[PDB]
Amino acid sequence: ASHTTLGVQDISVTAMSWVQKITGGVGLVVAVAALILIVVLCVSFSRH
Amino acid sequence: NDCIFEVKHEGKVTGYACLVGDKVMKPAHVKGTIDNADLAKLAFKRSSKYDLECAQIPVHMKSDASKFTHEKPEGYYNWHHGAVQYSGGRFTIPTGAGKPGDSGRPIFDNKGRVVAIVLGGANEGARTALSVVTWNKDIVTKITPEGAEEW
Amino acid sequence: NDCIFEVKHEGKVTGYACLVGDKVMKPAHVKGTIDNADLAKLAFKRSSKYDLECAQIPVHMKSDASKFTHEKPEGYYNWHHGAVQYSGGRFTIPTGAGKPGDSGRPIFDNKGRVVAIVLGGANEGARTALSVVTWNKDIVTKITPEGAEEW
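Here's what the structure looks like:
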């Protein structure tokens, strides 16, 4: 080969987009669920 | 007064369950099961911050439920071991009037309605501050005097 | 009173229709027709949500309809078959005070106003909670105790 090795860091742009879409999709669901729990805990903490 | 619907919940009795409104209420810190099988078989929902476990009262024994109110005017209230003075938003009894094993005891107003449930208390000279479960409109809250011990 | 009409089944009385305000109210669970032909021929609107069949009273020849109120203070009310106690959000009578076939009977306050229509009830042991039709300042609401059966 006239070139060097690929490595794990080098992925196609289309594939990278799909990875970010799926990762973001799950990460967003977690972020929302996390916010809901934080709000409930803050309210539950405030009340006594 | 004569609405003695406290239910013991252990071979060595450690506090009582009470029927208030539509719910069976007992302290969460007391060990043992309710002597009455109709209640013992019930699932209870436990909350560690309110030291309280509750379940729905079975229809066939719901007529024995006590009446309750959220109203807590300054003045005197009664309970199994004497009178309770409500002052400064706190319930207070004569020292020694209560003891360990009295958790779960209801406090009644002058109309026979339950206002609070006793969890424990703190010794302040001749008077004891009570740690109680009380209600506001559609919410349960807890009052804990500093240094209060569980009963 | 005397605003109560029998609902005739093929071979028995299965309940009553009451004249309240400008409407004649009948429980939907009651089968049969009103004994008075003038009401029997009257069209009714049925609602399974409230278990009611209501129709406009021919007031031009029906001026004996009962007065009614939305006010429901705690206290005692008169429901023909005895006294009924109102506490919290529920009406309560002795278990032997009512039975199947008594539905459609109104509950009156101490001023002679109709407060609620009895649909049925649940046997809670010493007392039975009633399943009733009530109204607030705007609309009709339905209160049903757990395990309540149609009467």
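These protein sequence lines are chains B, J and L, in that order. Per the authors' numbering, the very first residue in the first sequence carries number 392; after that it's consecutive. Per the authors' numbering, the very first residue in the second sequence carries number 111; after that it's consecutive. Per the authors' numbering, the very first residue in the third sequence carries number 111; after that it's consecutive. Here a beta-carbon is modelled for each residue, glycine too, at the ideal position from N, C-alpha and C.
- Within the segment 176-237 of chain J, complete beta strand (DSSP E) segments of at least 3 residues are found at 185-189, 192-197, 200-204, 216-218 and 224-234, given in chain order.
- Residues of the segment 183-199 of chain L with a C-beta less than 9 angstroms from any C-beta of chain J: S197 and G198, listed in chain order.
- Beyond the five residues adjoining it in sequence on each side, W245/L comes within less than 7 angstroms, by CB distance, of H180 and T251 in the same chain, given in chain order.
- With fewer than 16 other beta carbons inside 10 angstroms of its own, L397/B counts as exposed.
- If you compare the alpha carbons of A147/J, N146/J, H119/J and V242/J with that of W189/J, the shortest gap goes to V242/J.
- Identification of chain L residues near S173/J by a Cβ-Cβ cut-off of 7 angstroms yields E234, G235, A236 and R237, ordered along the chain.
- Exposure of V169/L is indicated by the presence of fewer than 16 other C-beta atoms within 10 angstroms of its C-beta.
- Within the model, the alpha-carbon separation for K133/J versus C164/J is close to 6 angstroms.
- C128/L has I114/L and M135/L as its beta-bridge partners, per DSSP.
- Contact between the segment 204-212 of chain J and the segment 226-234 of chain J is established, with three or more Cβ pairs separated by less than 8 angstroms.
- In its chain, beyond the 5 residues on either side, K252 have a beta carbon closer than 8 angstroms to the beta carbon of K159/J.
- The Cβ neighbour count for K172/J, taken over all protein chains shown within 10 Å, is at least 16; the residue is labelled buried.
- Residues of the segment 155-180 of chain J with a C-beta atom less than 7 angstroms from some C-beta of chain L are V169, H170, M171, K172, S173, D174 and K177, listed in chain order.
- With a 10 Å radius around the Cβ and a threshold of 16 neighbouring Cβ atoms, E256/J comes out exposed.
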